[PDB]
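# Working through the structure, step by step
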2 protein chains.
Amino acid sequence: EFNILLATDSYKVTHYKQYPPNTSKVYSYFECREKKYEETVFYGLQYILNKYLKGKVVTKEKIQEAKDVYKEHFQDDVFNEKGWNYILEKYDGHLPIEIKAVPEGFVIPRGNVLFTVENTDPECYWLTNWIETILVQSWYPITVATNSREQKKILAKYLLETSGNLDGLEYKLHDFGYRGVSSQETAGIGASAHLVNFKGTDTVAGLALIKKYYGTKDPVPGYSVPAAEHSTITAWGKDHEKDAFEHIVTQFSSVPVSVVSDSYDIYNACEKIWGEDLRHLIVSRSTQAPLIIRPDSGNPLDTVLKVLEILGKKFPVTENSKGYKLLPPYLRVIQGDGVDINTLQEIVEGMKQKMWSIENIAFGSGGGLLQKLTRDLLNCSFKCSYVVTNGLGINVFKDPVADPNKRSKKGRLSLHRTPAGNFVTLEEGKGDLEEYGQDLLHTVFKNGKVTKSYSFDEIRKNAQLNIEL
Amino acid sequence: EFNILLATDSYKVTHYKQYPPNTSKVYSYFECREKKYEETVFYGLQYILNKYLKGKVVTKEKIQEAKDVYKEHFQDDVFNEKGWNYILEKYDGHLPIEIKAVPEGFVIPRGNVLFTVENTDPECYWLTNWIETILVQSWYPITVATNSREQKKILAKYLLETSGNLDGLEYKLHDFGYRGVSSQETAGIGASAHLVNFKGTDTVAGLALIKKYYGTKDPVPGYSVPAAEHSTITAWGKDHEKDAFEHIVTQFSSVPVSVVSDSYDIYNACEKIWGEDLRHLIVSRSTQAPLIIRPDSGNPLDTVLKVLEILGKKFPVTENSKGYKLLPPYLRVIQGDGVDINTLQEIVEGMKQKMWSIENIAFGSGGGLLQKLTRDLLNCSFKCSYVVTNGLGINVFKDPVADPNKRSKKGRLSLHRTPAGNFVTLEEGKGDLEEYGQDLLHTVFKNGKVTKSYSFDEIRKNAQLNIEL
Ligand SMILES: Cn1nccc1C(=O)Nc1cccnc1
Ligand SMILES: Cn1nccc1C(=O)Nc1cccnc1
């Protein structure tokens, strides 16, 4: 079973002996520190609150096991057993911590406070930064959701330019990163952060997380279609790629089907196998059930352009109202290899260059969507800004001489709306002057209880694009 | 509860309809495909076998829950309920799958077979690639342990060059990546992969994983020392950093203590505070309990050099047998900011340039050790190479025309020792000819049971450096 006493950075175990004596309060905050990615999607905190932080998290057995581990881990008896006993006795293992946070899904610019953490009991001053490590890990669902949303803007910009609308926008970027993530739990968290912006996913784990921790009125927040992998094709034999294609498109004739065709020669399959041999099986398919050709190798941009040109001369192409070329509705293309935010831009710009509408293309990202993200990307940091010693509250902060970009904020923080509708974080407890609006931060966790929740439907509404509004 | 039926890629649910009819066997393998990092550390498979694959992994409830989700996920009823009921009824939920693998800890060059997967029942041909996604996720503990071991080589190369020995080599790279990872499960897996090569860790979660899934004769596989964070320093006020330093070095006067000093001015803390104001507290410290100054900002190389040069002219410096400068035993340094495999090389080379010994320095790595890694780095892949249809077995493979580096192996594979004592992967069942030795791959999983295990002590022995041997 998970033990929160074993879920922190090792050196934090020795931090209760390092704070100034007579300290009754430790007040820390979280931010995507300033110095692309100018605005971030706040999401994932609620998951951590329910799974790891809420309820009775401290027992007699967990204190003992922690004491035994740290005894050997440090070769010394540095462990605030007395501090963890106080929480067990006076609060029945419930954490005396108050967490205020901006509503999940909210798109806040860089350099703003996203959530604040403080203790509600003067004895548990050390508890504030004990749970830093576990709260910092919300950087990942924030980063995934933010980067997925930035890719959505690119998709939206080019789709509108070449088609005239945003039809099927939330199905332009599919999640392939189940096998590409570091762990099972990661896949669930990551896929759920992608579903904030899109509806297409293959990481099944992300569905159960949302249903349990957030919830949707629809049965599921994500969907998928029958598709093929290289094994289901190559197992027929190198001389039976046509038999493989025909068997698959017939098994799924009334539903959308994606077939990978780069097993031996992607350009041969499209022109000869799809475009001649099995051309009769494609032109008969319904609009609601087209064939989706999936290339998986070569230069991403160059392959897509070459695939389209091949299909263009083997299938009746129409020029849309915007002047861009569109395949017949029974044939689409999905690029699911080596696609991140950088190459996504390069591809759709290349398609616009060759007068190809974005209607023709769908994208699949794996490690680039879920794994190729760090905490340095959005500068997600957790710092202390306020403490009270001897009954005197002082404003604390870090300010390295060689790096102004690592400077922290001072005093009690509060998020507000500017007169121009933008955001502003007030420092030094200036929010109590009420020269601005009400503090946007709502208490979501207090004394071991989740005090405010958000459904996944609310998060989707909050994280909408401006072009969609 | 974990559901293996919900732990696969979405499109893999529809794959049982796509294989050629009368398919009795699906035989797939795993490799760190060819075309630095020329040899990889095999590790993490045993964890996935025990936690996810072994025992009764199929129940009536899990089959129903999977059916209900996939029904809504696909808006249709494509789900091999008959296939998952066969396993439940005939094998009591136990997976009829045989997995052969190279002993964990083994350092195998790129392009070799690490493990193989096949079905032991002709009815469960579709089962081999269903569990691809979960077995592929072993890329992470492999990639971490490999990249960690590569950094160990660099440390060993310079430490030996500048000290004459390798004393304390396994404490030169400390894990800080608990807050830098995507999830809790990741933190445990990653830290355990780093502990294969080092003993310095702050990610507590990794210890419980090893004890449960691998085990060591020593109480714990990892260790840590009392250290300070920015909050435990700044809380004293900006005008009382000296009082902060003094209080911490006194609380831990008999044990090694690491104190961060980049809060306001790193170069002032070393020369004025450590080097003048509190110099008397440092020179009295034991050799087994020194002060470890920790910078955390500015250019990693430039900061370390300047810090060392400062400490050089405030504290008595000795010159070892190798001619490299050495701090007194009661004074050491640890750089734990922006340290990956690339910058690590830059720092130690810079230290050798300025006649500084590696004995003086230790390194802390967070996101670079546990997060800044993808499945692309080592080209970890899982492809089918052999199937049996209509009684006849055929050697299958993929071979993209535009990318020769994605070509897969053919037929039944086996790993052997070359006459020169190196590794080689035999294809097309040439291993049965027995022109080489016996197959080095051991059966580690069969019909739901773990048939072979390795302790973390064996894995550590197998992952030793050639310089250590
Ligand atoms: C295009 N498509 N539609 C449904 C599923 C897929 C697909 O290709 N998925 C996928 C996931 C992970 C790795 N490879 C392919
Ligand atoms: C230098 N040191 N010695 C023991 C622990 C640490 C340390 O600074 N750890 C750490 C962990 C995570 C983030 N930041 C620092």
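How each quantity is defined
As presented, residues are numbered from 1 along each chain according to the written sequence, a scheme that may differ from that of the entry, and residues lacking coordinates are left out. Numbering of ligands from 1 and lettering of chains from A proceed in the order in which they are written. As a rule here, side-chain values cover all heavy atoms of the structure and leave hydrogens and water aside. A cutoff of 4 Å decides nearness: a residue is near a molecule or strand if any of its heavy atoms lies inside that distance of it. Two N or O atoms form a polar contact when they lie within 3.5 Å of each other; inside protein one atom must be a possible hydrogen donor and the other a possible acceptor, and for residues adjacent in sequence the pair counts only when both atoms belong to side chains. Here, Shrake-Rupley sampling with a 1.4 Å probe gives the accessible areas, and only protein chains in the shown set may cover a residue. Note on residue categories: nonpolar means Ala, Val, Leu, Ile, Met, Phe, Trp, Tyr, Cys or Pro, charged means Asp, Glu, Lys or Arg, and polar means any other residue, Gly included. For the superposition of copies, the fit is least squares and the atoms are the C-alpha atoms. Throughout, a contact is declared for two residues whenever any of their heavy atoms are within 4.5 Å. For every residue, the accessible area (1.4 Å probe, protein chains only) is compared with the maximum for its type, and the residue is labelled buried under 20%, exposed over 50%, or partly exposed between those bounds. Every helix listed is a DSSP run of H or I at least four residues long, and every strand listed is a run of E at least two residues long, numbered separately from the N terminus. Note on pairing: DSSP must find at least two bridges between two strands before they are called paired. Handedness of a crossover is defined as follows: with both strands directed away from the viewer, a clockwise route from the first strand across the helix to the second makes it right-handed. Salt bridge, as used here, is a side-chain nitrogen of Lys or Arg placed within 4 Å of a carboxyl oxygen of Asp or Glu. What fixes the domain bounds is an automatic or database domain assignment. In this description, buried area is defined as the sum, over both parts, of the accessible area (probe of 1.4 Å) that is lost when the two are combined. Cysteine sulfur atoms are paired as a disulfide whenever they come within 2.5 Å of each other. UniProt positions are given in the numbering used here, feature names are shortened, and annotations may be inferred rather than shown by experiment. Multiplying 1.5 Å by the helix residue count minus one yields the expected span of that helix. As a rule, the C-alpha atoms of each element are fitted with a line to give its axis, helices using only the stretch in contact, and angles between N-to-C directions run from 0 to 180 degrees. Here the angle decides the label: under 35 degrees means roughly parallel, over 145 means roughly antiparallel, 65 to 115 means roughly perpendicular, and every other value means oblique. Two helices that cross are described as forming a left-handed crossing if the nearer one is turned anticlockwise from the farther one by less than a right angle, and a right-handed crossing if clockwise.

This entry lists X-ray crystallography as its structure determination method and reports a resolution of 2.859 Å.

### Examining the site of ligand 2
Around ligand 2, the surrounding shell consists of A:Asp9, A:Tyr11, B:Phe176, B:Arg179, B:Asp202, B:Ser224, B:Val225, B:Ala227, B:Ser258, B:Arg294 and B:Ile334. Among the chains of the assembly, those with residues near ligand 2 are chains A and B. Here B:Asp202 contributes a side-chain N or O atom positioned 3.0 Å from a nitrogen atom of ligand 2. B:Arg294 has a polar side-chain atom sitting 3.5 Å from an oxygen atom of ligand 2. Here ligand 2, which alone exposes 370 Å², has 94% of that area covered by the protein. Its residues assigned to classes, the shell around ligand 2 shows 5 nonpolar, 2 polar and 4 charged.

### Things to note about the relation of the copies chain A and chain B
Of the two same-sequence chains, chain A is brought onto chain B (RMSD 0.2 Å, axial shift 0.1 Å) by a rotation of 180°. The operation mapping one copy onto its partner corresponds to a two-fold rotation axis. By C-alpha distance to the rotation axis, the residue of chain A lying nearest is A:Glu185, at 3.2 Å. A share of 99% of the interface residues of chain A reappears at the interface of chain B, consistent with the copies meeting face to face through the same patch.

### Some thoughts on the pairing of strand β12 (residues 361-365) of chain A
If a strand is regular, its side chains alternate between the two faces of the sheet. Residues and elements named next belong to chain A. Among the 5 residues in β12, 5 count as buried, and that is most of the element. Burial along β12 is two-sided: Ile 361, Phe 363 and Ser 365 and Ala 362 and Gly 364, pointing in opposite directions, are all buried. The sheet contact formed by strand β6 (residues 173-175) and β12 spans 3 bridges and is parallel. Bridge pairing in β12 links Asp 175 to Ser 365. Looking at chain direction, strand β11 (residues 331-335) and β12 are connected through 3 bridges and run parallel. The partner of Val 333 across the bridge, within β12, is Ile 361. As for the winding sense of the linkage, the β-α-β connection from β11 through helix α14 (residues 341-353) to β12 is right-handed.

### What to know about the environment of B:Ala420
All names here are of chain B. The residue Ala 420 is located in the loop between β15 (414-417) and β16 (423-426) in this model. In this structure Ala 420 comes out as exposed when scored by relative accessible area, which is 66%. Sequence separation of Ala 420 and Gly 55 is 365 residues, and the distance between their C-alpha atoms is 41 Å.

### Here we look at the pattern of salt bridges
Residues and elements named next belong to chain B. This model, assessed by the stated rule, comprises 49 salt bridges over all chains. With its nearest N and O atoms 3.5 Å apart, the salt bridge here joins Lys 62 to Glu 1. Classification of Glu 1 by relative accessible area gives exposed; the value is 91%. We note a salt bridge from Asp 239 to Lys 238, for which the minimum N-O separation is 3.6 Å. Since its relative accessible area comes to 61%, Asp 239 is described here as exposed. Since its relative accessible area comes to 52%, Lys 238 is described here as exposed.

### Observations regarding unusual backbone geometry
Positive phi, normally seen in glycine, also occurs at A:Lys35, with a value near 55°. For A:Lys35, the position within the fold is in the loop between β1 (23-32) and β2 (39-41).

### Some words on the sheet that holds strand β5 (residues 113-119) of chain B
Pairing between sheet strands relies on hydrogen bonds along the backbone, with the strands arranged either parallel or antiparallel. Residue and element names in this part refer to chain B. Across the sheet, 7 strands lie side by side as β14-β13-β1-β5-β3-β17-β18; this open sheet has antiparallel pairing. Each edge of the open sheet is held by one strand with a lone partner, namely β14 (392-395) and β18 (449-450). With 4 bridges connecting them, strand β13 (residues 380-389) and β14 associate as antiparallel partners. Looking across to β14, one finds that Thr 389 is bridged to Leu 392.

### Thoughts on the domain arrangement of chain A
All names here are of chain A. Here chain A is described as being made up of domain 1 (1-136 + 375-453) and domain 2 (137-374 + 454-469). Here domain 1 and domain 2 have C-alpha centroids that lie 39 Å from each other. Taken together, the contact pairs 35 residues of domain 1 with 29 residues of domain 2. Buried area between domain 1 and domain 2, summed over both chains or domains, comes out near 2,800 Å², and the portion from carbon and sulfur atoms is 59%. Salt-bridge contacts for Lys 153 lead to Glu 39; the nearest nitrogen and oxygen are separated by 2.6 Å. Here domain 1 and domain 2 share 18 residue pairs in polar contact between them.

### Structural notes on the state of the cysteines
Residues and elements named next belong to chain A. In this structure the tally under the stated criterion is 0 disulfides over all chains. In this structure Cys 32 is a free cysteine whose sulfur lies 4.0 Å from that of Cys 380, the closest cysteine sulfur available. For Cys 32, a relative accessible area of 1% gives the class buried.

### Notes on the environment of A:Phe115
All names here are of chain A. With respect to the secondary-structure elements, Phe 115 resides in strand β5 (residues 113-119). With relative accessibility at 0%, the residue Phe 115 sits in the buried group. Between the alpha carbons of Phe 115 and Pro 103 there is a distance of 9.7 Å; along the sequence they are 12 residues apart.

### Brief notes about the UniProt feature "binding site: diphosphate" in chain A
Using the residue numbers shown here, the UniProt feature "binding site: diphosphate" corresponds to A:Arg179, A:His230 and A:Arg294. By the secondary structure assignment, A:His230 is in the loop between α8 (205-213) and α9 (231-234). Overall, A:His230 belongs to the buried group, its relative accessible area being 9%. Setting aside chain neighbours within four positions, we find A:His230 in contact with A:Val260, A:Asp262, A:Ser263, A:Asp296 and B:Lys398.

### Let's talk about the site of ligand 1
As a matter of local geometry, ligand 1 sits amid A:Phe176, A:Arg179, A:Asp202, A:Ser224, A:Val225, A:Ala227, A:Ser258, A:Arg294, A:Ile334 and B:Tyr11. Protein contact buries 94% of the 370 Å² of open area that ligand 1 shows by itself. Taken together, the residues of the shell around ligand 1 break down into 5 nonpolar, 2 polar and 3 charged.

### Observations concerning helix α5 (residues 139-163) of chain B
Residue and element names in this part refer to chain B. With 25 residues, α5 should cover 36 Å at 1.5 Å per step; its first-to-last C-alpha distance of 35 Å lies within 8% of that length. Most of α5 is tucked away, with 21 of its 25 residues classed as buried. Remark: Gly 164 follows α5 within two positions and exhibits a positive phi of approximately 100°.

### Comments concerning the packing of helix α11 (residues 266-277) of chain A against helix α13 (residues 300-312) of chain A
All names here are of chain A. Packing of α11 against α13 leaves a shortest axis separation of 9 Å and a crossing angle of 15°. In terms of their interaxial angle, α11 and α13 are classed as roughly parallel. For the pair α11 and α13, the sense of crossing is right-handed. Counted together, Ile 266, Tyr 267, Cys 270 and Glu 271 of α11 and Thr 303, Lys 306, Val 307, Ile 310 and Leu 311 of α13 form the full contact between these two elements. When the residues that make up the contact of α11 with α13 are grouped by side-chain class, the tally is 6 nonpolar, 1 polar and 2 charged.

### Describing the side chain of B:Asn129
With respect to the secondary-structure elements, B:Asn129 resides in the loop between β5 and α4 (132-136). Within the local environment of B:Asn129, its side chain forms a polar contact with the side chain of A:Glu229, the two groups lying 2.6 Å apart. In this structure, B:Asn129 is in contact with A:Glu229, A:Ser231, B:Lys12, B:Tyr19, B:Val26, B:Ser28 and B:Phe382, ignoring residues within four places of it in sequence.

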